[PDB]
């Protein structure tokens, strides 16, 4: 008996939003130790919806100073007297215990832990909770591994674990390698699987693609675009194509019609958020409908790819976070899609990395548009480098099917414009400029005028 409800509403990973909870009760309690319980917690709302959260509880007979406020769940009477319940993920000892269960591929009641074959886990390293993790909780062990424990849990195959396992077991070097994972059932033994967490190799001394890109795009008096970041963009193209190739081989390819009705529905929705889109909607729709009946090759893909999802280690680019298109239901997130849509995601990301500078300047600071010109030249150079690097591995330039590529770029820009109109009005000119540019790029490709 803990006041779970009173505690959970204050957590940044809690997704109850503005809603009234009816109850918050443990569906399953699994003892891991005398002073350690694993809890599946069901939160029920007034509409009858239930959301399940994973909690690990460390009990103490006396307050431990090491724990903060958000780690303090509540209190309860136990068999030896009063006890305090803490969030065990903030306990180094408890986190280590979980890692040890993974290492041993332990089974505890309906909890199944598995270590990836041949993997080594850093059981000796100091565990430190990551402040960077927002929606889940990540514990970093020294510089060797990261334990990610899912907060909200849902039934079915987890694509992040799934695709990382495929890539690691195939020996693809462009991932932060999956070392282990754990899961349980949704409604007791014999029912749907429920992913609970994952352990991955930690890429020490790494840089985020977004940070490297923006640093390059901000270099002062860089009117002649540099080859050093073009070199990196090429290598990133190599990496994305290699990941796609491994996924295609393992999980197959198929053909589908280009999804005209899906992207039209997204356009219609977007135009309601951003009135500025109405003036472009007819032209966008024209381009989409020209792809009606166009067969496209699809496969398993990353699904949410941009420069924030790639890490540069001293040796390689890695892709991380394969959970899929955010806001989409699971079955949708495991659907195959065009590799060109992933490529489009990176191209959108280059555009933002370069043009973020401009929206943050006063008009007087670029009156003649020469900084805007440089941004354009920078995006062009690094986009070309990325596609060339992709091509070197894929043996097919993603620009060859230019109409399909440009359509996916357009759909992302339309979606971006609706986001900026609502949440960041001063950023809206970035996707609006892209839309006018891409409409021409797409128009040209449809006529086979692209190189």
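Residue numbers count along the first chain shown, from 1.
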Note to self: Mean Cα B factor from the PDB record: higher for 134-142, or higher for 169-177?
What the structure shows: 134-142
Note to self: Which is higher on mean Cα B factor in this entry, 314-322 or 77-85?
What the structure shows: 77-85
Note to self: Highest recorded C-alpha temperature factor, please, choosing from 189, 252, 197, 308.
What the structure shows: 189
Next item on the list: Kindly indicate the residue among 330, 147, 371, 344 with the greatest C-alpha B-factor in the PDB record.
Entry: 330
Notebook entry, point to check: Compared with the other modelled residues in the chain, in which third is the CA B-factor of residue 38?
Noted result: middle
Item checked: Where the record places residue 403 (Cα B-factor, split into thirds across the chain) -> middle
Next item on the list: Just say lowest, middle or highest third for the CA B-factor of residue 24 relative to the other modelled residues in its chain.
Entry: highest
Notebook entry, point to check: Within this chain, which third does the Cα B-factor at residue 55 fall in: lowest, middle or highest?
Noted result: middle
Next item on the list: Could you look up the Cα B-factor of residue 246 in the entry and say which third of the chain it sits in: lowest, middle or highest?
Entry: lowest
